[PDB]
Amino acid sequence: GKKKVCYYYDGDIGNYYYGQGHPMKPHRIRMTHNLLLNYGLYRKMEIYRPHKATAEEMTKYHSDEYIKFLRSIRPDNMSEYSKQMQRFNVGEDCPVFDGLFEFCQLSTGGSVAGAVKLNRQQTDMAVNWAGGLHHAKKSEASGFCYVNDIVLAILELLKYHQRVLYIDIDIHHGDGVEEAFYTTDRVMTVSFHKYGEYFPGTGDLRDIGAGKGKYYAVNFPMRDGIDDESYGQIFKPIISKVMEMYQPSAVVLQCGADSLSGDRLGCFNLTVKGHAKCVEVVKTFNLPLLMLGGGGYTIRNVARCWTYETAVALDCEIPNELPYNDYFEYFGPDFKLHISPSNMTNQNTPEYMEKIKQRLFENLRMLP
C-alpha cells in the first residue's frame, strides 16, 4: 500500500557556501524543497526540521579529536591549524567555510532523526536530501564530506534492527560507509558506481568485506555512459537477491544524483526516471526505508531528481510541466521535470553487465 513519509529539511541549509568555483552547492537542497513544495507534495507527507546533531552524537562514529577539530576550525583561525587541517584532510576538496560545523550538524541531524522516526515505527519512510555524505571517514574528511551522516543513521537503526541494508546509487563508491561496516555482518553495503581512474578509487567487485563481514560488502563497478536500460538490467535482480539472501529489517538508500546524464562531475547517462526506478524497486520490499541525498553538481537536475523521488516515495503522480517556483529560470530552456539522456557512448556492454552480475550472485551464494 501507500507509505507514510517523513521528510527532513532545514531552510538554513541553502545558505552554506563551499567557496567560489567549488562544485558542491548546498543551495541545491533549497531548490529541491521549493520545487516539491510548488508541486504540492507537502500535502501528502510530514515535514520536520531536524535538530542540530551534537559532537556527542557524531562521536558515536567519529574520533573525539576529529570532531573537536571540526567544531573549532574557522576561516579566521585556519593559519593556526595548518597541521590539523592536513591530518584531517580539510582545506582543499573539503574547505573551511563559515558555518561548516552547523552544516554538518543539520546534514547529520536529518539522517539520525529519520532513523529515530523509523525505529519508533512512526513512519514507513524518512527522507533527508541534505544527507548521504558517504565519503567521510572516522577521522578525516573526504570528497566534500566531513561527517558521515549515513554511518550515524545506521548505528541508530542497529539499536532496533539486527540487519541493516545500505544501497548506494551515487556515481561514486560508498567508501566511508563500506569502511565503517566492513567487518560486520550486521550491515550489508551495496554500491553501484563508476570504477577506473575515478574518485575515490575503491569499490572493486573483489572487495567483499572481511572477518564476520566477509561477503557483506557488494560492489558493482561500472564504466562511463551507463544508461537507464543497462542499469535497470542489473539493479532489480541484484537487490532482489540481496533481499532474499540477507533479509534486512531496515534499508538505507543513498540517492546521489551525480549518476544522472549531464552531471558536471559525473560520467553516467541515466535519466531521472531511470534513477528513480531504483527507489521504486527498493520501496516494493515494504521495509522501513531511510532515503538520503548525495552528490550532484548539475543542480537543476538534482532538484528534478529528488523532487521526483519524493513523489515516488509518496506514490503521487506529478506532471512533467514544472510548476512556477523560486528557481524557475534554472529549469530552462524546457521547464519540464524529466530529462533526456545524452548521445554519449555506453562503455558498459550488455555482456559486461551480466558478467559482473553473475560474479556478485556467486558471492551472495556464500551467505548463511
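All residue numbers refer to positions in the sequence shown, first residue = 1.
- The PDB entry reports B-factors from which the mean C-alpha value can be compared for 273-281 and 199-207; the larger average falls on 199-207.
- A summary of the deposited B-factors shows that, of 76-84 and 100-108, the stretch with the larger mean C-alpha value is 76-84.
- Among 189, 139, 261, 298, the highest C-alpha B-factor in the deposited entry belongs to 139.
- When all modelled residues of the chain are sorted by CA temperature factor, residue 66 is found within the highest third.
- Placement of the Cα temperature factor of residue 130 within the chain: lowest third of the modelled residues, per the deposited record.
- Placement of the Cα temperature factor of residue 124 within the chain: middle third of the modelled residues, per the deposited record.
- Residue 245 sits in the highest third of its chain by CA B factor, as recorded in the PDB entry.
- When all modelled residues of the chain are sorted by CA temperature factor, residue 17 is found within the highest third.
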